[PDB]
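Undergrad: Any chance you could fold what I've pasted below:
(10 chains)
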Amino acid sequence: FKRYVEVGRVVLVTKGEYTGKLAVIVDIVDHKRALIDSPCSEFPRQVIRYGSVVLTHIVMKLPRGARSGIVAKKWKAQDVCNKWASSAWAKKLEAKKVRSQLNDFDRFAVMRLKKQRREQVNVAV
Amino acid sequence: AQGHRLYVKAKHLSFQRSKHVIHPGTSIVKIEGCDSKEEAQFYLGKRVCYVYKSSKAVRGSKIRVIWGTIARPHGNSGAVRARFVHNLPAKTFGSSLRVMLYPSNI
Amino acid sequence: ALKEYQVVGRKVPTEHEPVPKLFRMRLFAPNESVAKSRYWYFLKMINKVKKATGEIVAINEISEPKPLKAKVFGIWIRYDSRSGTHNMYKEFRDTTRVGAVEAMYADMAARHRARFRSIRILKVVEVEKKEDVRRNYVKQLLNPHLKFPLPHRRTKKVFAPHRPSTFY
Amino acid sequence: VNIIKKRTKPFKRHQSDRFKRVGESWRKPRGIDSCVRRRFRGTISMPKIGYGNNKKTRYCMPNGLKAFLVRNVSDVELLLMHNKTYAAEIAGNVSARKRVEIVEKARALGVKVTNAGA
Amino acid sequence: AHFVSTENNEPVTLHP
Amino acid sequence: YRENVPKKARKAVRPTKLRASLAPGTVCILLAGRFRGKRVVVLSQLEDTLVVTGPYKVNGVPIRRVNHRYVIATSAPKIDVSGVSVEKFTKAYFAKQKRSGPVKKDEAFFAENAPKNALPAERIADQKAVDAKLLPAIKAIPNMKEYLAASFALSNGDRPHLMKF
Amino acid sequence: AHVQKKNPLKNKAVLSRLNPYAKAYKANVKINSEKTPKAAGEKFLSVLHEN
Amino acid sequence: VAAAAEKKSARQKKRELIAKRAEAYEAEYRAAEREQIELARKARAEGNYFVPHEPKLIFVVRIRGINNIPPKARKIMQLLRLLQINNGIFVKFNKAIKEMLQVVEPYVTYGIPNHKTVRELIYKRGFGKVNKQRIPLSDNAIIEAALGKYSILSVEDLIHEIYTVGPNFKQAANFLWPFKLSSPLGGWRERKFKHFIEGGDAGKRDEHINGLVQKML
Amino acid sequence: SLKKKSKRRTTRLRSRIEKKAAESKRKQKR
RNA sequence: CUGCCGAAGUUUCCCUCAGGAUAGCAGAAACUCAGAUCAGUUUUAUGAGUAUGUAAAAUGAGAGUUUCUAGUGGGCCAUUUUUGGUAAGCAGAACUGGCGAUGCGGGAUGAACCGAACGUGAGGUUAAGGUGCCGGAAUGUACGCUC
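TA: Residues are numbered from 1 along each chain as shown, chains lettered A, B, ... in the order given. Here you go:
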């Protein structure tokens, strides 16, 4: 496959109040729950299920049951962020988030530029 | 010609009812694009509208309109309750209604 | 959800017993009153002390000392079966003692169609030595290189336009 | 103060429409097994004191005026002090000459006439 | 209310 | 006779508390009236309404009263209003004339008033004065004159409860 | 007298009628501080973390 | 100028008297709550166990209708003034009352309220029985007329007389009409007519009755 | 149906099943 | 025509008979005490061998009467006891409620099952039971069993 429930795999939370955040699996409690943690301050170390996460393609080495400090240090050292964002998957998500925050005037700014973009229609004869 | 539609499309589903009783006092409106009660709080209080066409022409205008107001969310799936000045006829289950963006609060 | 309570109780002081002994047991109840009620039922059935003659001296909710350390619990229970007499012992792995008890209760209601009424929890024990773990499923969980595909991924907006990926 | 009617439809007698011998006027169902007497769901309703209208708006025309039957000029002349409460009603058997005489008198008193178009 | 001795008779664990 | 004297009602009048985002100098969409869908700049904060106009040289929406319940206060960049006076707009300034009876009609009543006859020249003097004092601000920031000239309208898949106007 | 019943909980004028004390009631009071004296008996911890 | 002047001044001095009384009662509640906390903390520290206090005040709510009830139980309902579903009454928790309650155990729910629910009830749903009539407590003068013999002169004095179980607890019931409560917002539990311990809603429930009232009220 | 019989027990069976269960319990009590 | 009050099925015995009685109920008129004057209730004490009674604390209520006078004097259902009992049901009593006079919500539908005791409406909230569609309401969340 391509997605394995590994100690040290980083997962993207898709449910709960931490939706959209990026955490890393530190431990496997059982078949339906895993312990995850993230260096981001807002996100606390906790036990989350598997319906509330999606597996990413990044696997980073990390010893079983590492504490919050060690996980953050390994995350910083191996450059997990800016590796996740390097993927076109993350870029699509960030594009969606910023496009959600556009107001009416920015929508008209989007209006005008992409109409300029459209009218190029230059193709070889 | 797409510089119009200052309303939001919706549908009339039924009256507020139990299985063997109906109360035509309030009508159940499915506001298209609304998929929960926390979202239905936005349209809570807006001006809903049922537009139809008749045979006789009053005002030289072929369109009659029955005004109404969104009153309360009804359930989990984002349906609302509406109170029209004239209770909608039972032939208008599934008929399309309009949801004006006013009285505005955004 | 369940919560773990320690309840300490004794009978009323009197000339017969001026200083009755304190009797403390840890028992799992969703609320305060259920814990006291279960305490009186347990003490009556075991020691034969009447509800009227007694009174609660201390009730305290106990939180999990390490709610983030993956632990393995062994639970001995006395199931009230069709004959009213049956014993069990089940293993669980989770982070909170209440979680193991809650998972055990759902396990009982499933594999034996039991109630909260028929279950009597003898002892919940933390087991730390790997070789002291008995059950097969939990033991195979304890291996160091655990990895498996996301089991049962399963994943209003009716009428989606494209066929779901339903895979990686 | 707006006039309010709790009910507008009259209480028709049970089965007054399937028979020409049973009349429209209300009669109380006496039968012990009558599904109408036991007031089952969906059955027609029965007159009750609960439908009584407000004492302040009872006996009032849709314009808030009480009807007073008038047969000669003397009757309307007695209505001068209640031009705000009572509207005159010309009796059916009043002659044409008296009708125009009464209606002109009532106009002079400024008292409402419901059927002045006769 | 009152006070309840515990030192003299420390609470003892009870199991079903 | 009776003429029941109404009891002394204990209801008073207090200033209307407008929304937080309905400040003077903002840009808002117009939801009702003959100019529904237009975007207009709010000049002054009236008792109940908003004295609002689109720059008449831009879109052609004269200075009008609009009730605040038919206004969507967009987060578009604010346009300064300190440069224009706004005290001359009062409720009586906008009010209708009398009627002299309950019914008046006919196309002769339509060939009169119109935006020439019953329209005073002083109103254009005020209207041109406003445009003189706002066009420099609208010209300063980009797309703004073009933004106000355009019209707001919904599209398929556009859900207003999620759109941050 | 008393055509309509008004709640003191919602109508503040009716509290002033009922309580000539809600004028100064001062609900929230600093009775803790930086100085919290954590106090749980040592053997109480022993009996709590027992069995 | 006179006559009404002395009435206003006496009216005024009565206003400070209930103000001074109310201050005294509030200090009494806070001091009682404080010593509860301190004697719990001290006992838990030095080691010996503190014990709860046998309560003398409970709130009772009838949760079943008027149909299909044994004659023994409906008789108790009459003696308790619980003649309608979703009603509510206070009862001085004692051996006679406690032993009385188990008779109607599946038909009522009871527990020990604290000061807030007492204060909310009287203020909002407090209807006084004046001259055999359900007269609301919209004024302090209404309570003064019916309890001036027992030195209760305002709503707050009544609240203390109730919440702290004074001697005039019996001398305040027939002044006060049963609390005709609404159906609880959010609903009851899924199976309302089981015992509260068994996942139902009938019976003694203690610290989890305050919740119920907030909904019912 | 799909079966050789009807799963909906006619109200006679809904009537006499419970009473015959009651007679069974009385028999154990005796 | 509307409104108001509103039982009874078994009692009190009596009978030749059907019945009455007699109550009970519903009432109708006259007159005490602001009472321990009551209670289809609990509690305490007390004797006798949780219950028993008497007496007294709790609790709610204004509590008594003498007088005359309508209608009813069935049965069904279920619970608890319960002796004779047999393949097996079955029979016997005593008690309890519900039903007769009772509509409404639910159980697809129903004399008794589950809730709920009804003036005319508005709004809000629930009971029982439900939330795939018919059908108002989550093709909800979590853990298992079952092909």
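Undergrad: C-alpha from now on. contacts and neighbour counts both.
TA: Will do.
Undergrad: Measure how buried residue H:104 is and give me the count.
TA: 20 (other CA atoms under 10 Å in any protein chain shown).
Undergrad: you'd agree it is up against residue H:75?
TA: No - with contact defined as CA atoms under 8 Å, residue H:104 does not count as touching residue H:75 (10.0 Å).
Undergrad: So which other helices or strands are in contact with the helix ranked longest in chain A?
TA: Secondary structure of chain A per DSSP state H: the longest helix is helix A:104-118. On a contact count with 3 or more CA pairs under 8 Å, 6 or more residues apart in numbering or on different chains; DSSP states H and E, helix A:104-118 meets no helix or strand.
Undergrad: how does it look with 10 Å?
TA: When contacts are defined as 3 or more CA pairs under 10 Å, 6 or more residues apart in numbering or on different chains; DSSP states H and E, helix A:104-118 packs onto helix A:88-100, strand F:27-30, helix F:144-149.
Undergrad: out of those, deepest packed?
TA: strand F:27-30 (a mean of 26; mean count of other CA atoms under 10 Å in any protein chain shown).
Undergrad: Show me the strands paired with it, marking each as parallel or antiparallel.
TA: strand F:39-45 (antiparallel), strand F:71-73 (antiparallel) (DSSP bridges).
Undergrad: Just give me how far the longest one sits from the chain centre.
TA: Translated: strand F:39-45. Offset of strand F:39-45 from its chain centre (CA atoms, centre = their mean, to the nearest Å): 6 Å.
Undergrad: Spatially central, which residue of chain C would that be?
TA: In chain C, the residue lying closest to the centroid (CA atoms, centre = their mean) is residue C:101, at 2.1 Å.
Undergrad: thinking again about what came up before, which among the strands paired with strand F:27-30 is found nearest to residue C:73?
TA: Nearest to residue C:73 among the strands paired with strand F:27-30 is strand F:71-73; the distance by CA to CA comes to 58.8 Å.
Undergrad: tell me the secondary structure for residue B:9?
TA: Secondary structure, DSSP: H, G, I helix; E, B strand; the rest coil: residue B:9 is strand.
Undergrad: How about the residues of chain E by chain G?
TA: Within chain E, the positions lying close to chain G (CA under 10 Å from any CA of the partner chain) are E:7, E:10-14.
Undergrad: Buried among the residues you listed? Make that a ChimeraX selection.
TA: In ChimeraX, this line selects whichever of the residues of chain E next to chain G come out buried by 16 or more other CA atoms under 10 Å in any protein chain shown:
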select /E:11,14
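Undergrad: Would you mind trimming the residues of chain E next to chain G to those in range of chain C?
TA: Answer for these near chain C (CA under 10 Å from any CA): E:10-14.
Undergrad: What are the contacting residues of the longest helix of chain A?
TA: A:99, A:101-103, F:27-29, F:74-77, F:142-144, F:146-148, F:150, F:152, F:163-165 (CA atoms under 10 Å, 6 or more residues apart in numbering or on different chains).
Undergrad: re earlier: quick one: the strands paired with strand F:27-30 as CSV, columns for distance to residue B:41 too.
TA: Output for the strands paired with strand F:27-30, formatted as CSV (distance: least, CA to CA, whole Å):
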stretch, distance to residue B:41
strand F:39-45, 26
strand F:71-73, 17
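Undergrad: Can you say which of those is packed in most?
TA: strand F:39-45 (a mean of 25).
Undergrad: helix or strand right after that one?
TA: Sequence order places strand F:49-53 as the next helix or strand after strand F:39-45, per DSSP states H and E.
Undergrad: Specify the angle between that next one and strand F:39-45 in degrees.
TA: With axes from the mean of the first three to the mean of the last three CA atoms, to 10 degrees defining the directions, strand F:49-53 sits at 130 degrees from strand F:39-45.
Undergrad: so what secondary structure elements neighbour whatever helix or strand comes next after strand F:49-53?
TA: Later in the chain than strand F:49-53, the nearest helix or strand by DSSP H and E is strand F:64-67. If you count contacts as 3+ CA pairs under 10 Å, 6+ apart, strand F:64-67 packs onto strand F:39-45, strand F:49-53, helix F:91-94.
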